[PDB]
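Observations on the three-dimensional arrangement
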Amino acid sequence: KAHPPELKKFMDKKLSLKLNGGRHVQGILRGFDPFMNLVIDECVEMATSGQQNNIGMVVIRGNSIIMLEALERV
Amino acid sequence: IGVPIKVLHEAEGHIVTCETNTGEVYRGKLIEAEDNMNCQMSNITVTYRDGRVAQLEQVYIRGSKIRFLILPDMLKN
Amino acid sequence: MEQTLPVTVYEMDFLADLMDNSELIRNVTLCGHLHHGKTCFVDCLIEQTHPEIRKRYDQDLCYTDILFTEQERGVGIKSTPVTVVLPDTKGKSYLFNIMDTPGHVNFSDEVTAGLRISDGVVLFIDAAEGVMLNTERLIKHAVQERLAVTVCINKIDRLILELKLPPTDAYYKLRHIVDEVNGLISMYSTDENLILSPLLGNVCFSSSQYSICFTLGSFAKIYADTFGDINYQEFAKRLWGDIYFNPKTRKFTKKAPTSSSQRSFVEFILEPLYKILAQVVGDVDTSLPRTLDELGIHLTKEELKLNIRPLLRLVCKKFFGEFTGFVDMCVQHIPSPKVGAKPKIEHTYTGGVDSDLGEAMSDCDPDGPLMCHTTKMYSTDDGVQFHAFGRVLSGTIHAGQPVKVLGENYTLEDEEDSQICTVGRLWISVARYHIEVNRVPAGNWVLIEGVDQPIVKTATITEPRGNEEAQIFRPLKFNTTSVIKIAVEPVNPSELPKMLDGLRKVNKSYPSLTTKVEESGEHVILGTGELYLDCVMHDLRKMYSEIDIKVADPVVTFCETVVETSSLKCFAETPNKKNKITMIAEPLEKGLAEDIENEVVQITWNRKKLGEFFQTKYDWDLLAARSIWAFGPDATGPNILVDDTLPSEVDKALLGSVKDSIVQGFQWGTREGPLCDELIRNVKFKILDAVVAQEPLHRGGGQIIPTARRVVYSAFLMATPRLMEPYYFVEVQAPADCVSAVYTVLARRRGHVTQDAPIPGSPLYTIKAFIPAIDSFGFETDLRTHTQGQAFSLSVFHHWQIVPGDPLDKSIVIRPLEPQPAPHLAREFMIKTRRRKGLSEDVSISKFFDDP
Amino acid sequence: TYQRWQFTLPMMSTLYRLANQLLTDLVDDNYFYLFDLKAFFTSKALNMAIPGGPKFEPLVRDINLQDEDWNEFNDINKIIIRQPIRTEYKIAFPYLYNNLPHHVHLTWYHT
Amino acid sequence: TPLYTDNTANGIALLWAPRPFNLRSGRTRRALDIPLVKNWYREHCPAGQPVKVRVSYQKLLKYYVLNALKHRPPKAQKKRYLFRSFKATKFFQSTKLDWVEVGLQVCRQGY
Amino acid sequence: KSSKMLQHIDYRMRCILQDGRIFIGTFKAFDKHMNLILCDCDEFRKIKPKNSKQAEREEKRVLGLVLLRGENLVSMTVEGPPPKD
RNA sequence: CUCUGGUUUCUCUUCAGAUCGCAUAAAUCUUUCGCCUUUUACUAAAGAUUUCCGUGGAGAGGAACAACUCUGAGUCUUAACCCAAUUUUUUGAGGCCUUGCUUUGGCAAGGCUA
Ligand SMILES: Nc1nc2c(ncn2[C@@H]2O[C@H](COP(=O)(O)OP(=O)(O)OP(=O)(O)O)[C@@H](O)[C@H]2O)c(=O)[nH]1
Ligand SMILES: [Mg+2]
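Residues numbered from 1 in each chain as written, not as in the entry; some residues may be left out. Chains lettered and ligands numbered in written order. Part of a larger assembly, values for the part shown. Heavy atoms only, no water. Residues with missing side-chain atoms left out of burial classes, pairs and counts.

In terms of determination method and resolution, the entry is listed under cryo-EM at 3.2 Å.

Following this line, the structure appears as C-alpha cells:
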C-alpha cells in the first residue's frame, strides 16, 4: 500500500490524455507519483473546436485523469 | 485485500469490457489490474456515448474513474 | 467426460477453461542430478493441489516413480507428466504442464524426450553436493536445445542439520553454486542474456522434504503480510548480494557497517530459518511453543506430539504455505508458449520457420491445421496397448477424428511412411490418474489412443485431405550414444513370437533402445548402461512378454579406422566391366570428427561457407574444400568423402551423373565396415579417379553401389586398419579417505584418473577418471563393495579410442576362455565379434579386390 | 502396567551417550549394500553365497552347467572375457546376468 | 531468540541416532524381544579375525535370514489367558516373593 | 454479526446504481468498499417491473459476470432466491 | 460466558494376513534330499496345518480419583483517540439559452457565466 501506478512502461512515450470536463491533451510522460499525478512534456491542448495549442511542460493531477492512451508502442 | 480484487487479477490475460464514469465502453485484453482497480489493456474497441466505435492499441484507465467491468464467465466456477 | 477424479483444490472445468487460453500455459521440465529432490517436489505440489493425497510421515510418497521397478529400486526410471493449476504469489492461477524426468545418467533419453516438447527447464541442484555430472550435462543439453532455464537449489536443510554450517558460510555455499551454474551457462552459450541470479528471480531456494520453497520475492511477501507497509518487490531487490543493512538509518548499502554486519540475506532470510529449524529440532519441549506463538503459528496438541521430523515438516508447511516462489519463477522466466513457439519451430520442424506451415504454427492458434508431435509412448498396465504422449503445436485434437500419422522416415517425396488412423480417446495425464476429455487445443500435452500402430519412436500427427506440404519434426537427438550390447534368446524356442512382441514393445517404450537381428539370427539390444539394460530386461521378462529369456554376457560395439594413408590407390569395376572407381583412404585431422558430429559444420551449408571453414580452420586448400561429397553413414558422420578428380581426366557432368550412386555406396560402406561390420570412424576417402560409362542403363543402380562399397572396403583395408574402443567417463563421489581405494579399483581395470578434487563446503571428494567401456562392467559394484558403500560412481560415454593391439594380425593365438594381455586385445575383439556377427573366420586385405 | 513411554530430549541424549558402546555410529544404510536381507534373499533364491554371507541348500534343483549342450547361443568361442563375472554382480543386477531369475528381490539403489 | 542453545547439537545428533534413540515416545517391549548384538553380527566381520569367529558370523546371518524369510503373519486368536484362568480358579493364590526364593521353590517342586 | 451482507450472498439481487440503472444478478461476493460480484447479471433502464400489463422489460441487456465498484452503488434489495446450480 | 468427552487399574466377549511380534520356538503331513539297516533321535530345502511364548481394535462389566488443560460444541459477531482532492457516511460536476432530432413528452451539440 501507498502503491505506485505501474507506468514505467509508459515513461518518455507520447500519450493521449482524457481528462474530466470533456477535456483532452497530448504529450510525453516525464514522471508520476503514487497519486497518479503526472508530469507531461511538450503538452498540447486539443480544444473542442478542433484547434490545438502548445502549452509546454505541465502537471496533471491524478484526481482528474479519466483515461490515458499511448500513441506509441510499449 | 478484497475478494472481488483477487477475482479481477484472475481475469488478467482475458478479454474484458470496461465502462468508465463517463460511459465510454472499452473492450479488449486485460494486461494488468492494480489493487486500486487501475487497468492496463490492449487492442481495444471503444464505443462512445453517441454509439460510434474506434480502435486503440494500448490504454490505461484509473480505477476511480471506472464504473464497472465485465469479466469472462470462465471465472465463475 | 464425467469420469471419477480425486478431490482437488481447483476444478477440472476451470482447468479445461484455462487450457483454451494459451497465454496461461507453462510447459516445464523438471531435470537435475540423481536423487536431488525432483520427485518429492512434484509430490508436494500434488499434495498442495489435492488435499486428499498425502505423503506418509516416515515414508515419502512420490506420486511419480509409479512403476514397480521404480518403487523397489528407489530410482526413477521413466519420465512422468503432471498437469496442474497452481496459484501465483499475486493470487492468479496458471496451468502448469510439468514433466518430471529421471535423474540417473543412463536414462537421459527420457530427459531429451521431455525437452523436445517442453518450453522451459527447471534445474534442481542439491544444496550440499552442488553441481555434478548430470547437472553439467543437462545445462549443456538445455542451452543447446534453446530452452529458457531457471534453477531451484534444493535440500537447503542439509546445510543446517547435516553440515550445521554458520549462516554466512551457508550463504557462501549458495553463492558459489550460483556462480558455478552461471559459468557453465556462459561456457555452453554464446549469448549472455541468460544470467542466473536470485535478484532477477531465476533462482529459488527449496527444501522438499520439509515443504519449504521461496524466492526473495516470496520471503519479502511474508514480511509484508506480517507488517503491511513494505513493497516486497523492492525488499527482494535489495535482500541478496553483498547489501548490508543499516538499522540506525533503516537503509541498505553496498558498504559494510561495523565490519561485523552480515549481508541482508543472512540477516533476514537465512538466520530466522536457522532459528526455526534449531528451535524445532533441539528445544521442542522448552521454548518451541513460545517461538511458534511469536511466528503466529498455532498447532494442535495431537500435532505437537509428533516426532522431530514430522513436526518439522508440519511447522515449516504451516509457516510457508504454498510453493508460490516456483510459480513466480516459471511465470516470469519461461515463454507463454505463444512467445516460445517460434524458436521451437525454428529448431525442431524440418520445413523451417520460413515455410508457410512454419508461420501457421509459430502463430500457435487453436483454429488452424493439426500438427501434433508425439515423442513418448506410455503403456497401459496390462502392457497390450500404448498411448502416444505429445504436444499440440496447432489446431485441435478431437476424439474420434481421423488423423494421418507420419513416421520418422517420411518425406514429402517418399510418401509411404504415412498412414491414416482414427483417434479413440484423449486424456490429460495427471501422474496417477488420467482426465478424459473430448478435445485438446494447440499448446498443450495430450495422450492419444489408437495411433500407436504406425509409429515406433517419434511421430507427427496431421490431418488428412490437407496440409499436403507437411513435413516431419526432426527425430530426437540424444545426449549420448547407446554402446553396451547384449543378445537375447527364449528358453523354449516354441515361444519365440512372444519374445518378438516383447522386443517390439520395449523398443517403443524406451526411446533410445535399439533392437536388431544380426546375420547369425541373434537378437541384439543396445543400451547405455548396466542399470538401463537390467530395467529393460525386467520389463521384457515380466511386463510385456511373460516367458523365460536367456541373456548373453554384455559386450560393447567397436568401431574401425585407419592410422595412415593407403599403401596403394585401390580400384574396382562394375560387373558390367565399365564404370571404374579408384580411391584412397587416410586419417582425418584431430578434432574434425568432433566438429562434424557436433554440427560445427553441416553439408546443407552453402559450399562457400563450407569451403571457408575447411580452408580457415583445418588448413585445407580451397580446391579440396570445395570438393566434398559426403559425411559418412549419416549427413553428420565422422568420415569424409572428397573427390580429388581433376577436371582434365573426368567429365565433371558425367561424374555428377553418378554422384548420387557413389555417395550411396560410400555411405553404406562406412555404415557397415569390412573389419567386423561396424561403423567406420575418422577416415577421409578421396576419389582419385572415376571412369564413368556413357549410358544411364549401363551406370547407376545395381552397378556402381556394390562397386563403390567394394572400393571403399579395399582402400580402408589397404590403409593400416585399427579398432576403436568406446571410453566411459566416470565421476566418483567418495569420502576424503577412500580416494586411494578408488585409485586401486580403477587401476585394476585399465582406468586412468584424470582428476581428484574436494567439494567446497562438504567433507567429500570428486574423482574424475576414464575407463574402457568393455572393462566398465561391474566396476560400480566393485567400487561400492570394496569401499563398503561409501563411494558411488556414475559413468557415461565420452569418446572413441584406439584399442592397444593391432587387429589384422594372424600371428597371435587366442585361447577361448582367458583374459588376454593388451598387445592383442584388438585381434581378440575382432575375431570374437566376427564370430558373433556370423561372418567368416578372418578377413584378408585382398578379400574385396577385383584382382583375386 | 508399564506399556508406553514418552521421554524428553535431554534424557534421550544422555541415554544415547551411555548406550554408545553398543551402537556402531552409522548414519546410513549405504554400509549394507549387498549385505541386507533382500540381497541375502536373492542369493538364496539363486543358490549363491556372498563372500561374507550365509550359504543355504538350493531352493530349486540347480541347473548343472555341465548339462546344457553348447548351443549357438552359449558358444564359448564367441565370449570375450575381461573380468570374471562374480556372484556380487549377479545379485546386484539379477535380471541382466541371470537366466531364470525366480523369486528374486530387487535391492535398493544408492542413497 | 538466540541462534543456538545448550541442547541444539544434542538434538541434531539425535536426529541421526539409530532406533530407538531417534524416537521420543512409544511402547514397551520384552527383554527377550530386545537383542543387543543383532546389529553386531549384521555388520561385516572385523578384519583380521580367526576362521571360527568368521564362520560364527556367517551362520548367525544364515539363521537370521532363514527366520526373516520363513516368517508368516500370526493368526486370529481369542485372547485366552492361562494365569488369569488359574487365578479365577480356587486352587491358586497370589503373593509377592523374592525371585531367588521362588527359584528354590521351583527347583524343589520340579525335583 | 457482520451478516447483513453475508445473508444475501448467493441470492438474486436488485442493485441500484448512482446514475439510476438497475443491475440484477446473483450476489456472490462483496468487500470493504462494497465492490460487488454479480453472476448472470442483466441491466435494466426503463423499469423494475411490478407486472406492468403493457410489458415488464424494455431496454434489458444481458451482461453476464459483472464486477461493480462500490463508489457507484446506491442500494440493494432481494429480487429472488438463489439458483440451485 | 456454558455442555459433552477424562485418567489409572481388574476381569469377560469378539475381530484382526497390520513388521498384529522393529523378535522368533516346537510338533504333524506332503514333496524333494542325506542316506538307508529298523525305532527313537534325526540330516536340509520347499509347501500346508496345528500348539505354545507374546500383541492391537471394539464392546461389556467392575473400582480409584479428577472433574473443564485439551478435543470440540453451544457462542464466527467490540468500545478508548483521530481522518479522508481516483474508486462511496462532507465533496466546488452548479444553472440557463439557442439549434437540431423526436407525434408531444423527451435526447444530442455549442455558448454564456460569478
Ligand atoms: N535432506 C533432505 N532430503 C531430501 C529432500 N528432498 C528429498 N530428499 C531425499 O532425497 C532422496 C531422493 O528422492 P527423490 O527426490 O524422490 O528422487 P528424485 O528427485 O526423483 O531423483 P530420481 O530418483 O533420479 O528420480 C529421497 O530419498 C529423499 O528422502 C530434502 O529436501 N532434504
Ligand atoms: Mg524422480
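Here the narrative resumes, following the displayed structure.
**Examining the overall build of chain C**
For chain C, the helix and strand inventory stands at 27 helices and 34 strands. In terms of overall size, chain C behaves like a compact globule, its C-alpha atoms giving a radius of gyration of 30 Å where 852 residues would be expected to give roughly 29 Å. Along the three orthogonal principal directions, the C-alpha set of chain C runs to about 100 × 65 × 60 Å. By residue count, 59% of the 852 residues in chain C fall in the buried class. The long-range fraction of contacts in chain C, counting pairs at least 24 apart against all pairs at least 6 apart in sequence, stands at 73%. For chain C, the accessible area works out to roughly 34300 Å², and carbon and sulfur atoms hold 51% of it. Computed over 91 positive and 115 negative side-chain charges, the separation of the two mean positions in chain C equals 3 Å. (Helix = DSSP H or I, 4+ residues; strand = E, 2+ residues; numbered from the N terminus. Rg over C-alpha atoms; globule rule 2.2 N^0.38 Å. Buried < 20%, exposed > 50% of the residue type's maximum accessible area, 1.4 Å probe, protein only. Contact = heavy atoms within 4.5 Å. Areas by Shrake-Rupley, 256 points an atom, 1.4 Å probe, with all protein chains shown as cover. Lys, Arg positive; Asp, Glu negative; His and termini not counted. Charge placed at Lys NZ, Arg CZ, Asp CG, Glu CD.)

**Let's talk about the pairing of strand β18 (residues 445-449) of chain C**
Residue and element names in this part refer to chain C. Summarising the sheet, strand β11 (residues 386-392) and β18 pair through five bridges and their orientation is antiparallel. Within β18, the position partnered with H387 by the bridge is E449. Looking at chain direction, strand β15 (residues 426-430) and β18 are connected through two bridges and run antiparallel. For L426, the partnering residue across the bridge sits in β18 and is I448. (Pairing = 2+ DSSP bridges.)

**Some words on the sheet that holds strand β2 (residues 80-87) of chain C**
Residue and element names in this part refer to chain C. Judged by pairing direction, the sheet is mixed, and its seven strands sit side by side in the order β2-β3-β1-β4-β5-β6-β7 without closing on themselves. Of all the strands in the sheet, just β2 and β7 (212-214) have a single pairing partner and so form its edges. Neighbour-to-neighbour, the strand axes of the sheet open up by a mean angle of 25 degrees, direction not taken into account. Contacts from helix α2 (residues 38-49) reach β1 (25-32), β2, β3 (93-100), β4 (120-126), β6 (203-207) and β7 within the one sheet, and its direction differs from that of β2 by about 45 degrees. On top of the sheet, helix α5 (residues 133-145) reaches β1 and β4; it is set at about 165 degrees to β4, its chief contact. (Axes fitted to C-alpha atoms, helices over the stretch in contact; angles between N-to-C directions.)

**Remarks on the UniProt feature "domain: tr-type G" in chain C**
The UniProt record annotates "domain: tr-type G" at residues 23-305 of chain C. Across residues 23-305 of chain C one finds 41% helix and 18% strand; the C-alpha atoms that close the span lie 46 Å apart. (UniProt positions renumbered as here; feature names shortened; annotations may be inferred.)

**A short note on the interface of chain C and chain E**
Tallying the contact residues gives 22 residues for chain C and 13 residues for chain E. For the side of chain C that touches chain E, the secondary structure elements donating two or more residues are α6 (158-161), α10 (264-282), α11 (288-295) and α13 (308-320) of chain C. Split into classes, the residues belonging to the side of chain C that touches chain E amount to nine nonpolar, five polar and eight charged. (Nonpolar A, V, L, I, M, F, W, Y, C, P; charged D, E, K, R; others polar.)

**Digging into the UniProt feature "domain: Sm" in chain A**
Mapped onto the present numbering, the UniProt feature "domain: Sm" falls at residues 2-74 of chain A. Counting secondary structure, residues 2-74 of chain A comes out at 0% helix and 55% strand; the distance between its end C-alpha atoms is 25 Å.

**A closer look at the pairing of strand β4 (residues 52-60) of chain A**
All names here are of chain A. Sheet topology note: the strand β3 (residues 38-46)/β4 ladder contains seven bridges and is antiparallel. Looking at the pairing, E45 lines up with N53 of β4. Between β3 and β4, which pair antiparallel one after the other, the connecting turn spans five residues, and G50 there sits at a positive phi close to 110 degrees.

**Focus on the packing of helix α8 (residues 216-226) of chain C against helix α9 (residues 232-239) of chain C**
How two helices pack is summed up by the angle between their axes together with the distance between the axes. Residues and elements named next belong to chain C. At a minimum axis distance of 8 Å, the contact between α8 and α9 shows a crossing angle of 130 degrees. When the axes of α8 and α9 are compared, the pair comes out oblique. As for the relative orientation of α8 and α9, their crossing is right-handed in sense. Each of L216, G217, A220, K221, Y223 and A224 in α8 lies in contact with α9, whose residues at this interface are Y232, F235, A236 and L239. Class assignment for the residues of the contact of α8 with α9 results in eight nonpolar, one polar and one charged. (Parallel < 35°, antiparallel > 145°, perpendicular 65-115°, else oblique. Left-handed = near helix turned anticlockwise from the far one by under 90°.)

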